[PDB]
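Have a look at the structure below, then the notes.
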Ligand code: CLA
Ligand SMILES: CC1=C(C#C/C(C)=C/C=C/C(C)=C/C=C/C=C(C)/C=C/C=C(C)/C=C/[C@@]23O[C@]2(C)C[C@@H](O)CC3(C)C)C(C)(C)C[C@H](O)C1
Ligand SMILES: CC1=C(/C=C/C(C)=C/C=C/C(C)=C/C=C/C=C(C)/C=C/C=C(C)/C=C/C2=C(C)CCCC2(C)C)C(C)(C)CCC1
Ligand SMILES: CC1=C(C/C=C(\C)CCC[C@H](C)CCC[C@H](C)CCCC(C)C)C(=O)c2ccccc2C1=O
C-alpha cells in the first residue's frame, strides 16, 4: 500500500485486511482524497441500507403515510408509489433531508480526519484501546460490508423494477397479506406433512392374518 | 438546624458518637459518671435529625435528645446534594 | 447422611433458627419477628451448605404440597363431582366438583347443576382438562388421585432425606450448566415429547370418540383422522369449538424436538455469543438473582397463558364455558403481577447482598427518563378519559375522543392470524369472534402501558437505589427491610427496597384491576353472547356492545361496568347460587376498608393506647410477661398491604363470578 | 504447585488431571494454601487428605457417588478465554471506560465501542461522558442553538426563539380547538397562540426579575438586562411567527 492508502486499510475487501482496488483509483490519491472517498462510500452505504429497508417496507404494503395522505391504497411497487404520493409529501421529504444535510455539513461538520463521523463519536470513543471489548474495527467493517451489499441490492431492485416491473415483492404474510392456506405460507405445501414425493414403506412386513393381542402399528395418514 | 442536647444521665458509652452519621458528637472528660466521660454535641450545625444517637442511647430514657426544627432547616441539616446554598 | 441429628427437641424452641431471637419472648414483636424471618434461610444460623440444604428441601416440600392439592382436586372430581353428567352433556350441566354442608342453612349455597347433583359451580376448567387428557371414568380419576398422593409422599420423603443427604461439600446445586442442560433436554424436551406420545396414544382416540358421540367401554379401552389441511387455529372443532387435539399433540412433539435440538447445539457449543452474557453469568450466580429471574420469567409466562387460554381455544368446551375462561384469565393475570413484583423484590435483595451490575452506575438517567415517560403516559392516557368526561358533561360529544368524534385509530394493531371472515359458534354461543379495535381500545391499551410503566418505575427505583442514594449513603448498611433512616434530612420514610415493593404491589394491583375490568367488559360487550339467525347472524352480547360507546368515559366505566354489572352480586342474597358471592362481596369491602387502618395510622398511637389499656390489666393483676407491643412499622405496612389487596381482589372476584354465573345460567 | 501437599499426585478417580488444572486456574492463587469452606478446591483438599496413595484406597459406592456429585466437572469451570474476557471487562470498568452498549428488547446489545465514561472531573456526576450530550455533533448543535450561539445579540436570540415558538404554537389551536370546524378557526388559533406567547413571555419576565440571570448582560449593565431584552424580543418574535403562520394558512388554504 501507500501512506495515504493506509488511512483506511483494514476496512475493505472480502476479509478486512484486503485492499480491493482493481481499477487502482486510490493508488495516486492523497490521504485527504482517500478519506473523502471513504466518506462518500459510507454515506452511500448508509443511504442504501435505509433505502432497502424502506423499499421492502413499502413493497410489503405498509405504506401508511401515503395511504392516509392520498385517501387511497397506494401501489405496492415503490416506484409507482413515488408517483402516487402527493407533491406535498414529496417536497416535505426533500426539504427534511436537505435540512439534515445542512445541519450535518455546516452546523455540526464532521472532523477533517474522520469525515464519516457524523455523530461525533471521535470525542468520547477510544478506538486505540487494547482491551478485548474494543471491536470497533469489527463494527466498522460490518457497517461497510452491509452498506456495500445494500448499495448493490438497491441498485438492482430499482433496475429490475424499471425493466421488468419486478420490485422484489416481499411475502411477509402477516398483516398486509392475508395468507389463507399452508400452501400460501410455505410454497409447495398442501397438508400437515412435508411435500415429499417419497412414500415411506414399512421397514418390516406385517402379518396378513392377525392374532389376538396384536396392536398393529398406527398410521400417521 | 436541629438542637442536640445531652443530659447528665449520660454514662459515656460512646454509642451515640459511634452511630453519628455526620460526626456531630464527641466524648469529653467528665466526673459525673463512672466512665468519666460524657458525649457532647459541638457540631450541631451538621446534625441531620436521623435520631440514630437516640436509637443507640441505652439509658432508660434518652440522655441525648434531638429536637427537630423544621423552620430553621439548613442545607447541612437537609442533606442537600444537587443544590447548594453556600 | 447422618440422621441421628434430626430430633424433635428443637420443635419446642420456637426461634432456634434466628440468633436475634435468642432472648425468647420478651415482647410480641418477638413472635412477629419469628414469623417474619422463619423462611429467611440466608440470615439464619448455620452455613452456606445449610442454606442450600434448606432451599432445596423446602422446594421439595412445596412440590409435595402442590401434589397434595392436585390429588385433592382429582379426588373431588372423582367422588364429589358431576363429571359424568358434564361429559355426556357439557352445555346443559355446569361443572361442579364442590359441595357444601347444610349446617346453618348453608345448604342454600349448593345450586342446581344437574338433575341428581347440587353444589357449587367450579371455574378452574378441571373438567375440560380431564376431557382433553381423556379421563372419562371414575376409575381413571381415582388412579390419577392415587398417583398425585404417591407423588406427594415421594416429594415429602425427598425433602426429609435431602435435609441430611446434602452435606457441606454438596455442590450439585451450583452446576448451572448441568442444571440448565438437564432441564432443557429432559424436563422440557423429553417431557413435551412424552406428553405428545400420551396425547396421541390415549387422548386422541377418546376425544375423537367423544366428539362423534360414542361412549362404548371397549372403544374407550390413525392420527390426523379428522383434521383437514386447514392451518391449525384457522379451523376449530365444529362439535367442540377448540383446536384439534391432534394438532396439539403435533405441537408438543415439535416443541420437544426443538428443545432437544437447542440443548444439543448448546452441548456442542454451536451458540457463540457467550461473552455478551458472561458478565451476567458471573454476577447472577446467586439465590436471589435466580429467584428474581425465574419469578419474572414465570410472571410473563403466566400473562401469556392468561391471554392465550382465552384467545386461542385448546380445551374442549372451555370456549363456551364463559366463567371458566374468565376465571382462568383473571387468575393467571393476577399471578403474573404478583410474580413480577416478586422479581423486583428479589432483584433488590440480590443488589443488597451482592455486587450489582454496571448499569446501576448511570441509574439517574434511567429512572429520570422512566419518570418522564410515566408522567407523560399517565397525563395523555388518563387525560383523554378526563377530557371525554368533561366535554360530554358540558354537552359537546363532537369534541370528545371517540369513534364518532375525534378518533384515535390503533394503526399498528394489525392482524396476523389471517382468519376467514365471520365468527365461530357452538350451540347458541360464540366460541370465537374477532375483537375489533378502536378509540376505546387505543385509550385502554395506553392506560395499561402507563400503569405497567409506573409499577416498573417503582420496582426499578427500589432496585437501583438500594445500596445508596443522594439522601442516605449507607442504605447498604441499613439493609433490605428497614422502616426508614429517621425524621432527618426532611424525613426518610420508606426509602428501603422493601417499602419500594410495598408500593409497587399497590401499583401492580391497580394495573391488574384495570386489566381485569378491560378484559371483562370487552369480552362481554364485543365477543361473548348468543346469536339469532350462507347465513348471517345478529349477535346479542351480554353487555350489548356498550364498551365501544361507554368505555370512553370514566363515568361510563363507573356506570355500565361497576354499577350496572354489580346487579347480580348486589342482588344475590335470595338466590341459592350466588348468595355466598354476595356475602363475600360485602366482606371483601369490609376487609379492604379495614386495611386503611394500618395503611394510614402509625405505630406510636397504638403503642400508647396499648400502654393505657395495659394499665388496667396491671391494676387488676393481669400481668402479661410477653409485654404487648404495637406492630412494627414494616409489619403495619405489610398487614395493610395484604388486607388492601385481598379485599380488592375479593370484591372483583365475587363481582365477576356472580355476573358470569347468573348470565350463563 | 509442588509446594502444595494435597495437590501432589491426586488420584485420577478423585479428580481428573485436566479438571484439576482448570479448577486451580479458576481459583485465585492465594486460596490454594487453605481454600474457603464452600469451594470445590476445599472439597478436593479435604478428600485428598483422606484418600489416595498411602491412605484409604477404597470408598463405599455411595460415598464415591456423592464425591463425584459434589466435585466439579470440566465444563462447569470458566475457560481461559472466558476468564480473560471477564478480567478485561472488570479492568475497563475500573479504569473508567465503558464498553458501549444500548438497551434493546429485554436486554442490551454491545456496539463494540469503548468510550470514556468518566469526564474531566472524575468525581463529578455531571461530567460523565455520553454521545447524546458530549459527542461532537451534540456539542456543536447545542452551542449553535439560539440560546447559545456565538456573536448573537439578546434581541436576535429572543427574536429567533419566539419566531419558532409562535409559528408552531398557532397550529394546535387551529386544528384541534373548539372552533376548529368554524370559518374563524385559523384566526382563533392565532389569538390563542399569541396568548400563549404572551403568557410564557410574562413567565420569563418574572424569571428574569426574580433570579436575574446575567449571562447575556453586557459589561457594566444592569443585571438581567440582557435576559429581559431577550424575553421581550421573544414575545415580539412569537407574535410575528404566529401571524406569519396564520397568514400562510389563510393564503394557501
Ligand atoms: C459510492 C460508491 C462507493 C465509493 C465512493 C467507494 C469507495 C471506496 N471503496 Mg468501494 N464499494 C462500493 C461502492 C463504493 N466504494 C460498492 C457498492 C461495493 C460492493 C461491490 C464496494 C466494495 C468495496 C470493497 C470490497 C473495497 C472497497 C474499497 C473502497 C475504497 C478504495 C477503492 C476505490 O477506489 O473505490 C472507489 C470507488 C468508486 C469511485 C466507485 C466507482 C463505480 C463505477 C463507476 C461503477 C458504478 C456502476 C454501478 C454497478 C451502478 C450501475 C447502475 C446502472 C446500471 C443504472 C474507496 C474508499 C476498498 C477499501 O475500503 O479498502 C480498505 C475495498 O477493499 N469498496
Ligand atoms: C470499489 C471499486 C469498484 C467499484 C464499484 C461498484 C460496483 C460500485 C457500486 C456502487 C453503487 C451500486 C452504489 C449505490 C448507491 C445507492 C444509493 C445511494 C441508493 C439510494 C436510494 C434511495 C434514495 C432510494 C429511495 C427510494 O427507494 C425508497 C427508499 C423508497 C421508494 O418508495 C422511493 C425511492 C425509490 C425514491 C471498482 C469499479 C471495481 C473500481 C475500484 O477498483 C474498486
Ligand atoms: C426531531 C424530529 C423532527 C422535529 C421537527 C421540528 C421540531 C420542527 C420545528 C419546526 C418549527 C418550529 C418551525 C418554525 C418556523 C418558523 C418560521 C418560518 C417563522 C417565521 C417568522 C417570520 C417571518 C416573522 C416575521 C415577523 C416578525 C418576526 C415580527 C414583525 C412582523 C413579521 C411578520 C415581519 C421531525 C418532525 C422533523 C421528524 C424527525 C425528528
Ligand atoms: C391497628 C394497628 C395496630 C394495633 C394492632 C395490633 C396490635 C394487632 C393485634 C394483633 C392480634 C392480637 C392478633 C390476633 C388476630 C385477630 C385478633 C383475629 C381476629 C379475627 C376475627 C375474625 C375475630 C398497630 O400496632 C399498627 C402499627 C403500625 C401501623 C399500623 C398499625 C395499626 O393500624
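Chains as they are written, first to last, in my numbering: chain S, 34 to 254; chain X, 132 to 217; chain E, 1103 to 1767; chain D, 16 to 268. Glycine included, each C-beta is placed from N, C-alpha and C at the ideal position.
Margin query: Closer than 9 Å between beta carbons: that is the criterion. Which residues of the region 1297 to 1329 of chain E meet it against chain S?
Written below: Cβ contacts with chain S come from 1302, 1303, 1324, 1325, 1326, 1327 and 1329.
Next item on the list: Following the continuous alpha helix (DSSP H) through residue 1556 of chain E, name the residue where it begins and the one where it ends.
Entry: Taking the third chain and counting its residues from 1, one reaches residue 1556 of chain E at position 454. For residue 1556 of chain E, the enclosing alpha helix (DSSP H) has its first and last residue at 1541 to 1566.
Next item on the list: Pull up the DSSP beta-bridge partners for residue 1213 of chain E, would you.
Entry: Residue 1213 of chain E sits at position 111 when you count from the first residue of the third chain. Bridge partners of residue 1213 of chain E according to DSSP: E/1221.
Notebook entry, point to check: Is any beta-carbon of chain E found at less than 8 Å from that of residue 189 of chain X?
Noted result: Your numbering for residue 189 of chain X matches position 58 in the second chain. Taking 8 Å as the threshold, the shortest C-beta distance from residue 189 of chain X to chain E does not fall below it.
Notebook entry, point to check: Mind checking whether the beta-carbon of residue 35 of chain S lies closer than 7 Å to any heavy atom of ligand 1?
Noted result: Taking the first residue of the first chain as position 1, residue 35 of chain S is located at position 2. Incorrect: residue 35 of chain S has no Cβ contact closer than 7 Å to ligand 1.
Check: What do you reckon, are the CB atoms on residue 119 of chain D and residue 132 of chain D nearer than 8 Å?
Finding: Here residue 119 of chain D is taken as the residue at index 104 of the fourth chain, counted from 1. Here residue 132 of chain D is taken as the residue at index 117 of the fourth chain, counted from 1. For residue 119 of chain D and residue 132 of chain D, no; Cβs fall outside 8 Å.
Margin query: Measuring straight from C-alpha to C-alpha, what distance separates residue 198 of chain X and residue 133 of chain X?
Written below: The residue labelled residue 198 of chain X in the question sits at position 67 within the second chain. The residue labelled residue 133 of chain X in the question sits at position 2 within the second chain. Going by the C-alpha atoms only, they are around 6 Å apart.
Margin query: Can you tell me which residues fall inside 6 Å of ligand 6, judged by beta-carbon distance to its nearest heavy atom, and keep chain order?
Written below: With respect to small molecules bound, the structure shown includes ligand 1, ligand 2, ligand 3 and ligand 4 and not ligand 6.
Note to self: If we define contact as Cβ-Cβ less than 8 Å, is residue 1381 of chain E a contact residue for chain S?
What the structure shows: The residue given as residue 1381 of chain E occupies position 279 in the third chain. Answer no: the Cβ-Cβ gap between residue 1381 of chain E and chain S never drops below 8 Å.
Check: How would you list, in chain order, the residues of chain A whose beta-carbon sits under 9 Å from the beta-carbon of residue 1573 of chain E?
Finding: Absent from the structure is chain A; the protein chains it does hold are S, X, E and D.
Notebook entry, point to check: Any heavy atom of ligand 2 closer than 7 Å to the CB of residue 107 of chain S?
Noted result: What you label residue 107 of chain S is simply residue 74 of the first chain in a count that begins at 1. No, the beta carbon of residue 107 of chain S sits no closer than 7 Å to any heavy atom of ligand 2.
Checklist line | Among D/154, D/200, D/27 and D/139, nearest to residue 268 of chain D - alpha-carbon criterion | finding: Here residue 268 of chain D is taken as the residue at index 253 of the fourth chain, counted from 1. It is D/200 whose Cα lies nearest to the Cα of residue 268 of chain D.
Next item on the list: In angstroms with no decimal places, state the Cα-to-Cα distance between residue 1507 of chain E and residue 1491 of chain E.
Entry: Counting from one through the third chain, the residue named residue 1507 of chain E turns up at place 405. Counting from one through the third chain, the residue named residue 1491 of chain E turns up at place 389. Near 13 Å, if we compare the C-alpha coordinates of residue 1491 of chain E and residue 1507 of chain E.
Checklist line | Selection of the region 212 to 238 of chain S by Cβ proximity to chain E, strictly under 8 Å | finding: If the cut-off is 8 Å between Cβ atoms, the region 212 to 238 of chain S has 212, 213, 214, 215, 218, 223, 224 and 225 near chain E.
Margin query: Beta carbons nearer than 8 Å to chain S: which residues of the region 1580 to 1605 of chain E have them?
Written below: If the cut-off is 8 Å between Cβ atoms, the region 1580 to 1605 of chain E has nothing near chain S.
Notebook entry, point to check: If residue 1574 of chain E and residue 1597 of chain E are in contact, beta carbons under 8 Å, what's the gap, nearest whole angstrom?
Noted result: Translated into the one-based positions of the third chain, residue 1574 of chain E becomes position 472. Translated into the one-based positions of the third chain, residue 1597 of chain E becomes position 495. Taking the Cβ atoms as the reference, residue 1574 of chain E lies roughly 6 Å from residue 1597 of chain E, within the contact range of under 8 Å.
Checklist line | Length of the line joining the Cα atoms of residue 1319 of chain E and residue 1353 of chain E | finding: Here residue 1319 of chain E refers to the residue found at position 217 of the third chain. Here residue 1353 of chain E refers to the residue found at position 251 of the third chain. If you take the alpha carbons of residue 1319 of chain E and residue 1353 of chain E, they lie about 29 Å apart.
Item checked: Residue environment, residue 184 of chain S, which counts as buried when at least 16 other CB atoms sit within 10 Å -> Here residue 184 of chain S refers to the residue found at position 151 of the first chain. Burial call: buried.
Checklist line | Neighbour flag for residue 152 of chain X against chain E, beta carbons, 8 Å | finding: By 1-based counting over the second chain, the position of residue 152 of chain X is 21. Closer than 8 Å to some Cβ of chain E, the Cβ of residue 152 of chain X qualifies, so yes.
Next item on the list: Assign residue 111 of chain S to one of three DSSP states: helix, strand, or coil.
Entry: Along the first chain, one-based indexing puts residue 111 of chain S at 78. Taken through DSSP and simplified to helix, strand or coil, residue 111 of chain S comes out as helix.
Notebook entry, point to check: By Cβ distance below 6 Å, which residues in the same chain neighbour residue 1515 of chain E in space, the five residues on each side in sequence not counted?
Noted result: Locating residue 1515 of chain E in the third chain gives position 413, where the first residue counts as 1. Answer for residue 1515 of chain E: 1539, listed in chain order.
Next item on the list: Examine ligand 4 and report whether any of its heavy atoms sits within less than 7 Å of the Cβ of residue 1694 of chain E.
Entry: Taking the first residue of the third chain as 1, we reach residue 1694 of chain E at position 592. Result no, Cβ not under 7 Å from ligand 4.
Check: Buried or exposed: which applies to residue 1177 of chain E, given that a residue is buried once 16 or more other Cβ atoms fall within 10 Å of its Cβ?
Finding: Counted from its first residue, the third chain places residue 1177 of chain E at position 75. In this structure residue 1177 of chain E is buried. Its beta-carbon is surrounded by 16 or more other beta-carbon atoms within 10 angstroms.
Notebook entry, point to check: With DSSP run on the structure shown, which of helix, strand or coil describes residue 74 of chain D?
Noted result: On the fourth chain, position 59 is the one that residue 74 of chain D refers to. Here residue 74 of chain D sits in coil by DSSP.
Next item on the list: Using only alpha-carbon positions, find the residue among E/1312, E/1140 and E/1181 that is nearest to residue 1236 of chain E.
Entry: For this step, residue 1236 of chain E is matched to residue 134 along the third chain. When the alpha-carbon of residue 1236 of chain E is set against those of E/1312, E/1140 and E/1181, the nearest one is in E/1312.
Check: To the nearest angstrom, how far is it from the Cα of residue 1662 of chain E to the Cα of residue 1684 of chain E?
Finding: For the purposes of this step, residue 1662 of chain E is taken as residue 560 along the third chain, with counting starting at 1. For the purposes of this step, residue 1684 of chain E is taken as residue 582 along the third chain, with counting starting at 1. One C-alpha to the other measures close to 19 Å.
Next item on the list: Entirely within the region 1334 to 1400 of chain E and at least 4 residues each: give me those alpha helix (DSSP H) ranges in chain order.
Entry: Runs of the alpha helix (DSSP H) inside the region 1334 to 1400 of chain E: 1347 to 1369 and 1377 to 1385.
Note to self: Is residue 258 of chain D a contact residue of ligand 3, with contact defined as CB to any heavy atom under 7 Å?
What the structure shows: Locating residue 258 of chain D in the fourth chain gives position 243, counting from the first residue. Yes, the Cβ of residue 258 of chain D comes within 7 Å of a heavy atom of ligand 3.
Check: When the Cα of residue 1504 of chain E is compared with those of E/1650, E/1448, E/1567 and E/1460, which residue comes out closest?
Finding: Taking the third chain and counting its residues from 1, one reaches residue 1504 of chain E at position 402. Cα-wise, what sits closest to residue 1504 of chain E is E/1650.
Notebook entry, point to check: Is the Cβ-Cβ distance between residue 1479 of chain E and residue 1555 of chain E less than 8 Å?
Noted result: Sequence index remark: in the third chain, residue 1479 of chain E carries index 377 (1-based). Sequence index remark: in the third chain, residue 1555 of chain E carries index 453 (1-based). A contact, by the Cβ cut-off of 8 Å.
Checklist line | Cβ-based burial, residue 1518 of chain E [other Cβ within 10 Å; buried from 16] | finding: Here residue 1518 of chain E is taken as the residue at index 416 of the third chain, counted from 1. Burial check for residue 1518 of chain E: the Cβ neighbour count within 10 Å stays below 16, so the residue is exposed.
Item checked: Distance, residue 1350 of chain E Cα to residue 1334 of chain E Cα -> For the purposes of this step, residue 1334 of chain E is taken as the residue at position 232 of the third chain. For the purposes of this step, residue 1350 of chain E is taken as the residue at position 248 of the third chain. For residue 1334 of chain E and residue 1350 of chain E, the distance between alpha carbons rounds to 9 Å.
Next item on the list: From the DSSP output, read off the bridge partner residues of residue 122 of chain D.
Entry: Stepping through the fourth chain from its first residue, residue 122 of chain D is reached at position 107. The partner list for residue 122 of chain D (beta bridge, DSSP) reads D/119.
Next item on the list: Using alpha carbons as the reference points, say which of X/182, X/178, X/215 and X/157 lies closest to residue 169 of chain X.
Entry: Position 38 of the second chain, counted from the first residue, corresponds to residue 169 of chain X. Between residue 169 of chain X and the set X/182, X/178, X/215 and X/157, the nearest pair of CA atoms involves X/157.
Checklist line | Rounded separation between residue 80 of chain X and residue 196 of chain X - CA only | finding: This structure gives no information on residue 80 of chain X, because the portion of chain X shown stretches from 132 to 217.
Item checked: When E/1654, E/1252 and E/1607 are compared against residue 1166 of chain E, the one with the closest alpha-carbon -> To locate residue 1166 of chain E, count along the third chain from 1; it is residue 64. Minimum Cα distance to residue 1166 of chain E is reached at E/1252.
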